[PDB]
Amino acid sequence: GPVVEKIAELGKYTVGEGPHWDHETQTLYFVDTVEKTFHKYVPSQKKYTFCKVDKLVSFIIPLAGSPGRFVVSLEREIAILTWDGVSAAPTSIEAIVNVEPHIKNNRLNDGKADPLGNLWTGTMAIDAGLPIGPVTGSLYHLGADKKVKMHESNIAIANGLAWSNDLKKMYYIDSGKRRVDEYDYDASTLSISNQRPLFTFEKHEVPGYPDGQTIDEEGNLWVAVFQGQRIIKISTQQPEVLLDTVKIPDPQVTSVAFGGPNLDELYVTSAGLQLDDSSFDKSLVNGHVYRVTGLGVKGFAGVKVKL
């Protein structure tokens, strides 16, 4: 079976999240969504750095055409951070837009660029809860003239995103729904329609909650299972098809991104945050980063945000 390696050099994270593989510099970026920190790992040189801010963060994506600059979330603001990748604080911060200026207890959560470079991201209550809690989030994309457009509401925990290779489908996770949804995606109008369930956890006895996801070159989705101690591989050709399961030692698996020189090593983040209603004892919940090899598939390099 696949080899799952704990990345010792990286330590433990409260809620490690938002992995992004920059293929030209062979570098993994990621965040901690509770500790207000950004992280950089260069596997070939065993180099790790971090950056501290004073707002909650949930994604970090290189800015297309601007080395040393990243598009990030700072609470409810989408911003450009100028960061040399090694100093413990940003050089400067340029706010782009506040997506929800008058919802004081919301935050941005997962974000990713579509294959065209458009940033998509969703919000949630800071005090969201599973299985039941306040449902206050929405799904946005950042469009022309730095204005966002809204595509879906009534989202409890805005999470993983992916797009099909032919640009006809988008896949999206609200963790509270315990399913992955598929949508028809119109790349020319950047609109989504015909929402329907692709994969429903209860139909397949999958525990936990879907969190982050990514898609491989064959069109399979790889989904992180929070409180499931696993990643799952699901079909996009047929609804409700579980293709494979890979166990990850950490129970609270949060997200996934393909990386390595040949885009065939799957990086997996997890959360060490100990929750009061967990299905796993505290001794099991650590928050390591993992690397999975031997899956027999390749993914895609992480896409930069175009502004």
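Only the largest set of C-alpha atoms that superpose within 1.5 Å between the two forms is called the rigid core. When you see a residue number, it is the position in the sequence shown, counting from 1.
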Greater root mean square CA deviation, 144 to 152 compared with 230 to 238 in 8 other deposited structures of this protein, core aligned | 144 to 152
Higher avg CA temperature factor (45 to 53 vs 236 to 244, as deposited) belongs to 236 to 244
Using only the Cα atoms and their B-factors as the entry lists them, report which of 276 to 284 and 248 to 256 averages higher.
-> 276 to 284
Please work out which residue in 107, 230, 196, 151 has the highest C-alpha B-factor recorded for this crystal structure.
-> 196
From the list 165, 159, 138, 214, select the residue with the highest C-alpha B factor recorded in the entry.
-> 165
Can you work out whether the C-alpha temperature factor of residue 17 puts it in the lowest, middle or highest third of the chain?
-> lowest
Select lowest, middle or highest to describe the third in which the CA B-factor of residue 200 falls within its chain in this entry.
-> middle
Among the modelled residues of its chain, the C-alpha B-factor of residue 126 falls in the third labelled highest
How does residue 265 rank on Cα B-factor within its chain, lowest, middle or highest third?
-> middle
Relative C-alpha B-factor of residue 66, binned into the chain's lowest, middle or highest third | highest
